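Below, in structure tokens: the form deposited in one PDB entry, a single chain.
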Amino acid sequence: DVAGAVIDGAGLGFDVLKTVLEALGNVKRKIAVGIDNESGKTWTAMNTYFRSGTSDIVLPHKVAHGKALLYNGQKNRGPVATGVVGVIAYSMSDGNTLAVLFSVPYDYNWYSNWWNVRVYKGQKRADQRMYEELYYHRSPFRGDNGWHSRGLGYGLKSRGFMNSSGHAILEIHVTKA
């Protein structure tokens, strides 16, 4: 149960993500991310785009139906104080792309936690433009310590939870609609 790994989806919960979170050490801004694939189809990792921060971890390469991937990120170590803000992109075996946004900002005087989930038609890499769409234009969810559900189209739906703090967990379940 480490970041970079896949577990059984039914075992995804706050406990597993907290353990991933706690393993990163005392850093101001950091995130544990778990995405449970119940979509009926296998996911293959494309890439992650980091608008801010980074990860030492490889995206789990293959994530089968019934499995959850565990991932994490943290703020830049270097001289520029950043949050951790990015987009994970997975290829689904229908030819389409599952994209997940997380934003855990540095400066809470101006910003707060957000996340989003969207299915993109065809094969699309995570990048700056994708981040802008998901952050500014596709109705992202607040990290408000509550669950939010939404149809993704393609017969899939998402149910997800993100906490409100700079020590952030993001838990998402992708199911059949």
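Between two forms, the rigid core is the largest collection of C-alphas that superpose within 1.5 Å. Only residues modelled in both forms are compared. Numbering starts at 1 and runs along the sequence shown.
Keep in mind that the form deposited in another entry is not shown, yet the notes after this line are about it.
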Q.
Tell me whether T19 is among the residues that move between the shown form and the other one (Cα shift of 2 angstroms or more, core superposed).
A. yes
Q) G160: CA shift of at least 2 Å between the shown form and the other one after core fit? A) no
Q | Closer or farther in the other entry, the Cα atoms of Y106 and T19, when the shift from this form is 3 Å or more | A | closer
Q) Is the CA-CA spacing of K18 and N37 tighter or wider in the other entry than here, given a 3 Å or more change? A) farther
(Q) After superposing on the rigid core, which segments of 3 or more consecutive residues have every C-alpha shifted by 2 Å or more between the shown form and the other one? (A) 2-27, 78-81
